[PDB]
Amino acid sequence: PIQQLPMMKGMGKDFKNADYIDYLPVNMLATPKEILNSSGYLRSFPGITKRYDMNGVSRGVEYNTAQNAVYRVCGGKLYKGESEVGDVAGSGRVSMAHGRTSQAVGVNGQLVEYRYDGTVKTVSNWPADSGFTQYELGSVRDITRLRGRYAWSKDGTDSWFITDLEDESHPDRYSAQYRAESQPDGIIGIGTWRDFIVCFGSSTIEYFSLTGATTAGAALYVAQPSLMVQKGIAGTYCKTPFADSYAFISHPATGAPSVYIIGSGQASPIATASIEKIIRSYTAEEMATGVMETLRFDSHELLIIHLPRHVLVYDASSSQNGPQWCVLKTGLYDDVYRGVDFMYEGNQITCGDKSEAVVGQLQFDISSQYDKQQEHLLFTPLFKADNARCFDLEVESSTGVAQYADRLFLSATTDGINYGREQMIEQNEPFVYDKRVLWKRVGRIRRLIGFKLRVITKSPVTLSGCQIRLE
Amino acid sequence: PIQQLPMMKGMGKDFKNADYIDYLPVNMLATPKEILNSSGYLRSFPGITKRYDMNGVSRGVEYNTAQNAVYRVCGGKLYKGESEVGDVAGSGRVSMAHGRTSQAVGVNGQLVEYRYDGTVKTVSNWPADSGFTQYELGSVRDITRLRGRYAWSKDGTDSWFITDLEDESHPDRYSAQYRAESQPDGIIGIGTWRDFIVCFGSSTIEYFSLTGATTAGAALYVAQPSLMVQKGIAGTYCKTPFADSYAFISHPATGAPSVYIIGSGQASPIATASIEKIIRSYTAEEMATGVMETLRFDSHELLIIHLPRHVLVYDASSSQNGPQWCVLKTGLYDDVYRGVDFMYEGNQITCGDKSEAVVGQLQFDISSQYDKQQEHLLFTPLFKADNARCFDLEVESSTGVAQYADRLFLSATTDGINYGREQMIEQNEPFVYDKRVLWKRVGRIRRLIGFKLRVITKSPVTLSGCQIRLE
Amino acid sequence: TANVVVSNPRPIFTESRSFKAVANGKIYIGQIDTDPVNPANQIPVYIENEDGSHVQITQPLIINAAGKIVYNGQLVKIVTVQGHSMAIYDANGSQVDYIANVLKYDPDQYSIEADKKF
Amino acid sequence: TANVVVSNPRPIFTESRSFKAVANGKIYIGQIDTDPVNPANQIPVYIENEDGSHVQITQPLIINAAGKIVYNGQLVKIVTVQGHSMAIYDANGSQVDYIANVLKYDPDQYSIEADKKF
Amino acid sequence: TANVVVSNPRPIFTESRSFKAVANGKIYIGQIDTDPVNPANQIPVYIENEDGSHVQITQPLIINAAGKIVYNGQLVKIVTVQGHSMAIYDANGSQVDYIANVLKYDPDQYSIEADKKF
Amino acid sequence: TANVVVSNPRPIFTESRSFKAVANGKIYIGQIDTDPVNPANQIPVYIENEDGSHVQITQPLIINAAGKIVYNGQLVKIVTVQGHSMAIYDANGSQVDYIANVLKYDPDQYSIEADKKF
Amino acid sequence: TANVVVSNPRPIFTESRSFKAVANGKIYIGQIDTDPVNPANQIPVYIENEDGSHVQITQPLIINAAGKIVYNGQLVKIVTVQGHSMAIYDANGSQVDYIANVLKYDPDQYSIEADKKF
């Protein structure tokens, strides 16, 4: 009897606490598509090839819909495409926004606006010679743009400000300050969903709409209590517009964190128990430094979360059996993934780097990151097959696009933690499109069994239809 | 054992990156209809026969509901039906609108209005001798008509203007300028959905409705933020009213482009992974030059997209198993389809030409384009049939309407990319209505198999009920 | 210097699966990627004589028992004006082979080409 | 001008000591004046399909019982660059033929110098 | 990504009326439009090696059981300087084929003509 | 510097009276100069995996028919601290070997004092 | 959580050309870069016990059927003070192995050297 073994999600035990955990695929994305007896396959994440050389590691990215170009902060420089257009001080992640007249960067507690004419301004109070209101402009944490105004949050004081309509280098003349105010504190992040200013605190997410007032001093924004979410975000960059709302990671102020997508006044969990355990392995710090982003290609709608030790990708287009998660990494020994700050421009997806002063372009006919061969994992769930004596381990692989006859390390575990002997079986061949990857004689199953299916390639890996004969 | 083989959608592998892709039917449309043991058939796209002779290639088309006639721009001429009614400058695609007393063409940054009395006007500011407002009328990108006014978008400056009620050759005396303003930039296209001015930018689509105000200087249009769509369009002609809303191709500003239909504040994807890959094969340019149109005949609701190398047709009425797509082409070597600017008038569908100065009328009892034989393809999905030794490859064909005993090239692939020998089988015969297209002895299947089913005809092709005997 | 290489001018047409000639077979050549048996798809075929007469003949070419093209019982050389598609049929009438696109240039009469080219 | 000659597609490869095809024989195509058996000297070879796509294939080409190149038991059209060397080996591993430069077997060798001179 | 089909460059000579090689036959190479069997009409013939060296050999070219030219029991490529005529006779002495002008021009004399007229 | 020696992984344990592996033998690892059979003196032993994780395993290590440490019939890599004592018993309970300190079996015992001195 | 693989520290001596132990063989320990079979070239050899005491023994070290050094029918660890050369002969007197410098230096003299210079 032939039995099909799923490979899109594995299963095992954690030897630290003897609990059951999922084994996520590494450098693999699941694509639901009926190929043959399969109804889905697994394809390696696209590799990275060098595009440009920059001043340092990437610190921010945005698509400038005004200039129709991608602006990247790298090291101490700000680039419009390939050419440097400004100097940015600091060393960490920066906020990025833009409008008609300038590209704004939130860095070092400042909202530095690089105008397209070549001048650089900074948001500051109106001069006292003006008859205009002066505000307590402290530090800047996060910035955003809406309706021709920059809205930014003051660091740790629950307040946010907007810029003037005819002068974006100053706050509003009469009514610039607003507060979330349905909370003791928390203004961690700021964004714009559809036409609202969204203030992401801890334990609250608040929405603000334009009032349409005309009288001087009247409030230009009003909170919408019907749209507010009773949950917060862990860090200033722990949120992204994913599908039509914001996906975020919750603050410890409301319990153990996980991954949520905002619905209508509520948040729906996206993370599984294994993802929650991975998140819980981090302190409150190392969790506020996580960076979230989104990717879109070939009907793939990926949500990428970078942590100091993990890069976790959630696929919303392949989550028909529950949330679909995978791990991105660089190297062969669980080193963190180096790609960050993805952005689609022209007809290519371009990324920054976490460790080198370079930029990539995410080539699709390879799987190596900057010419370095990468590792891919595909586990199968444990199953009870006492005295089964399995045979004919078959997998379907799409061969032909390869530079070497790269192989497959096939091993089996019988306790859920430790894997045994690895056999090397050729899984690809250059210019050969009919290969039949297969291992005839698998051993006898005593109580339990599970397979690892490790590959190391510079070429794309496409695997589907894992099957065994159990006799 | 008799097994039925679907032909409405094929399946194979791309030899460039070893990925799985769909093989769309070429010059064939799928009609869901219970014929016999089939529940649907595949019919060749109607051929094109010459109707008129124009000045040049077609640049625009519209049905003038005021005149009850079709207006076409061909070369340097504008025709109402068959007779020239104006001269139009330029060489590329033009925008079309019409109203009570004129047919407006948006071309060369101008809104040129050809009035039915024979005089031609152009939109310009009111003379300074008037006490009326003057506006920064720059270039014209796209035009439309609503409620007796022309609404057009200024090129690259996010603004749009309306004309005056009692003088359509000028903007409004008091309040003509409006801005989308919920965006840093983008006014790529303009249209009218039901009673709204729809402004299709990049990364947003905004809706404007009439306020009903009567005071001078008050805004006559107000934006509806509740109907907004958080997605853009690729080019000025990458949108069309498809079913009851707009179907469009998205901008790179929101990720990798695909095909969407606007719902209620959201966009629903229509393209599949293969269509997204085809779109991604084009740069940002060659994607803004794409054109989108709609056809309707025999319950077929076709959405046609013209690209420099592909013409892709989506069938809304045959999408019960997922989106249904096909390819239109001219010749035998994947040359782009020459038909463009379809419009139903009288009882005939009429098209322009992309390479010659002619017009067609889309005859239904042929399949040739301007008396030249055309090629039709029908692929089957790959399947695993190890040691099958198949027999009796049958297909049901509706014969009788033919000028020659046209034949079928039947081949098989065992790897998904390369096809073997082609066998010639007569699939049609003039004045014969019982044919039994069939091949007796197909070979043994080692691992995988799939068929191509190529036809070259000047007559309609109707194929259904593909079946094999697997023994 | 070596200007000529001794070679065989007569093409040989054999079976697809076995080392046997297509005895008393037929050849139809026409527009590329088409069915050459349809006379509308057929293209002119000429016999190139020993001096260059280039006399046109009817399309179906007859294959000898040796696998060579014959006309009036004599070995002939057949030439065409363009790349074509080929269809070789057996004496029984079965499709021996179909080729969608073939183009082999005539390696002879280079003096005329040089005169027309230089 | 009838500059295209009706020749035999699907070239036939014959044993060098008898009138027999090289069944299950191997063919290596590489750079000119080198050994194409060593994969460092090999050059791409492409299957040409009906739709016009060129698909690079594994270098050792397999010869069937009729003496013609096959891919999976199916007759295919194989294309490479004009300048290449060829090595044909029998199924038992013995050299059937070697040619260091195919372009030197054209009947007219004066054409190359004439084109490269005037 | 290629612009020539992989063919078989080495010539093979078979019988004109039956599908079999001209085993142990003879090839006579001579002046254009003459009878090359006559030694007066014969012209020098050389074998060209893999390197490119030329070795003049006696005129009667030996065909082997495979239908190929062999000099010292090994396949050889035959070259000439001037345009020639080629007559192939079988082992029994019956004429198999005759070509009075293989290229329909003389590259040797046309080289002199073109060196001055081009 | 070639300071790494290509040696044999999967160490082999042999019977002390005959050239035979200790099949189904038991190994205890403990503190230096102690009885590792007593669980009070035992020290952790870890399986080192492909992924790099170290998993502590039950102390009695099982020796297969090849003389190697196995976990579930599978060859594994077992690691511990540098200073340990080892006891090897046969499947019948008889003592095969005892080593009070493995570090004292290194060929060079001057290295330890030299490192601790200068 | 470890930094050394569990190995087998007790030496075993096997034949250099066949997979068998040197049963009842001889080991001769002597001066560096000399022939240690000669008693004049030999150096004192001691057995080191579990406690750490040393017992000087006669030079020819006995290799039992298991391939291990045994003095009083029991496994012993052999130590020396100075660097040595080692020669292993089998039971029939044929030399099995020879190493002229087991550590490629003399720790005895290098001890004084390092005390002087480090």
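Throughout, a chain's letter reflects where its sequence line sits, starting with A, and its residues are numbered from 1.
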- Classify the side-chain pair B:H251/B:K231 by whether it contains a donor and acceptor separated by less than 3.5 Å. no

- Indicate yes or no for a side-chain donor-acceptor contact from B:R43 to the backbone of B:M28 under 3.5 Å, with no hydrogens or angles considered. no

- Whether A:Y71 and A:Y116 hold their rings parallel, tilted or perpendicular, with breakpoints at 30° and 60°: tilted

- Query: Should the heavy atoms of other residues, nucleotides or ligands under 6.0 Å from CG of B:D117 be counted, would the total exceed 12?
  - Reply: yes

- Residue pair B:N68 / B:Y63, side-chain heavy-atom distance below 4.5 Å: yes

- Evaluation steps, side-chain contact (heavy atoms from CB on, under 4.5 Å), between B:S355 and B:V57: CA-CA 6 Å; B:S355 49; B:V57 309; 5.7 Å; no

- Task: Please assess B:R194 against B:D244 for the test salt bridge (charged side-chain N to carboxylate O under 4.0 Å, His left out), listing each intermediate value before the final yes or no.
- Result: CA-CA 9 Å; B:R194 273 160 70 75; B:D244 264 342; over 6 Å; no

- Message: Please report whether the ring centroid of B:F248 lies less than 6.0 Å from that of B:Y260.
- Response: yes

- Task: Measure from the side-chain N and O atoms of B:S319 to the backbone N and O of B:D315, and report whether any donor-acceptor pair falls under 3.5 Å.
- Result: yes

- Query: Heavy-atom count around B:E166 CD within 6.0 Å, excluding the residue itself: above 12?
  - Reply: yes

- Look at the side chain of B:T211 and the backbone N and O of B:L220, then say whether any donor-acceptor pair between them is shorter than 3.5 Å. yes

- Message: Can you confirm whether the side chains of A:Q103 and A:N64 place a donor and an acceptor under 3.5 Å from each other?
- Response: yes

- Message: If you apply the rule side-chain hydrogen bond (donor to acceptor under 3.5 Å, both in side chains), what do you find for B:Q324 with B:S318, and how did you get there?
- Response: CA-CA 6 Å; B:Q324 174 60 26; B:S318 68; 5.1 Å; no

- Query: Do B:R141 side-chain atoms and B:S153 backbone N/O form a donor-acceptor pair below 3.5 Å?
  - Reply: no

- Message: With a 4.5 Å cut-off on side-chain heavy atoms, are B:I275 and B:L312 touching?
- Response: yes

- Do the charged groups of B:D142 and B:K239 touch, with an N to O distance under 4.0 Å? yes

- Do A:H98 and A:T65 have a side chain donor and acceptor closer than 3.5 Å? yes

- How about B:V291 and B:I305: do any of their side-chain heavy atoms sit closer than 4.5 Å? no

- Task: Show your working on side-chain hydrogen bond (donor to acceptor under 3.5 Å, both in side chains) between B:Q183 and B:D185 and close with a plain yes or no.
- Result: CA-CA 5 Å; B:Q183 59 164 2; B:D185 202 272; over 6 Å; no

- Message: Can a side-chain donor-acceptor contact be found between B:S58 and B:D341 if the only test is distance below 3.5 angstrom?
- Response: yes

- Item | Side-chain donor or acceptor of B:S182 paired with backbone N/O of A:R147 under 3.5 Å | no

- Query: So, are B:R280 and A:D298 salt-bridged, with charged N and O less than 4.0 Å apart?
  - Reply: yes

- Criterion side-chain hydrogen bond (donor to acceptor under 3.5 Å, both in side chains) on B:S368 and B:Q373, from CA distance to verdict: CA-CA 5 Å; B:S368 50; B:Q373 63 179 359; over 6 Å; no

- Heavy-atom side-chain contact between B:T350 and B:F342 under 4.5 Å: no

- Message: side-chain contact (heavy atoms from CB on, under 4.5 Å), that's the test. Do B:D53 and B:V358 meet it? Break it down for me.
- Response: CA-CA 5 Å; B:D53 222 352; B:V358 290; 3.5 Å; yes

- Query: Should B:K121 and B:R115 count as side-chain neighbours, where that means a heavy-atom distance under 4.5 Å?
  - Reply: yes

- B:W126 and B:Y135 aromatic centres sub-6.0 Å: no

- Query: With a 4.5 Å limit on heavy-atom distance, are the side chains of B:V123 and B:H170 in contact?
  - Reply: no

- Query: Hey, is the main chain of B:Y114 close enough, under 3.5 Å, to the side chain of B:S102 for a donor-acceptor pair?
  - Reply: yes

- Query: Where is the tightest heavy-atom contact between B:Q348 and B:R51, given as atom of each residue plus distance?
  - Reply: OE1-NH1, 2.9 Å

- Just by modelled atom types, is the B:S367 backbone N or O under 3.5 Å from a matching donor or acceptor in the B:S44 side chain? no

- Task: Take B:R173 and B:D167, measure what salt bridge (charged side-chain N to carboxylate O under 4.0 Å, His left out) needs, and give me the verdict at the end.
- Result: CA-CA 10 Å; B:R173 325 163 120 87; B:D167 204 0; over 6 Å; no

- B:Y237 side chain near B:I188 side chain, heavy-atom distance below 4.5 Å: no

- Task: State whether the number of non-hydrogen atoms from other residues, nucleotides or ligands found under 6.0 Å of B:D371 atom CG is greater than 12.
- Result: no

- Message: side-chain hydrogen bond (donor to acceptor under 3.5 Å, both in side chains), that's the test. Do A:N347 and B:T283 meet it? Break it down for me.
- Response: CA-CA 5 Å; A:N347 65 341; B:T283 51; 5.6 Å; no

- Message: Main chain of B:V94, side chain of B:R59: is a donor-acceptor contact present, judged purely on distance under 3.5 Å?
- Response: no

- Query: Is it true that B:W193 and B:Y207 have ring centroids separated by less than 6.0 Å?
  - Reply: yes

- Task: If the plane angle is over 60° it's perpendicular, under 30° parallel, otherwise tilted; pick one for B:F297 and B:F364.
- Result: perpendicular

- Query: Regarding B:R72 and the six-membered ring of B:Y79, is the cationic atom NZ or CZ under 6.0 Å from the ring centre and inside 45° of its axis?
  - Reply: no

- Query: Which is it for B:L377 and B:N27 under the side-chain contact (heavy atoms from CB on, under 4.5 Å) test, yes or no, and what are the steps along the way?
  - Reply: CA-CA 7 Å; B:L377 271 299; B:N27 295 338; over 6 Å; no

- Query: Below 4.5 Å, heavy atoms only, C-beta onward: do B:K50 and B:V359 meet side chain to side chain?
  - Reply: no

- Message: Apply side-chain contact (heavy atoms from CB on, under 4.5 Å) to residues B:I197 and B:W160 and explain how you reach the verdict.
- Response: CA-CA 10 Å; B:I197 307 285; B:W160 56 286; 3.6 Å; yes

- Message: Looking at B:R338, is its backbone amide N or carbonyl O close enough to the side chain of B:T330 to form a donor-acceptor pair, meaning the two atoms are under 3.5 Å apart?
- Response: yes

- Any donor-acceptor N or O pair under 3.5 Å, side chains B:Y282, B:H310: yes

- Task: Start with the C-alpha gap between B:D87 and B:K77, add the side-chain angles, then the distance that decides, and say whether salt bridge (charged side-chain N to carboxylate O under 4.0 Å, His left out) holds.
- Result: CA-CA 5 Å; B:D87 280 274; B:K77 297 289 172 280; 2.6 Å; yes

- Test: B:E168 and B:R145 ion pair at under 4.0 Å: yes

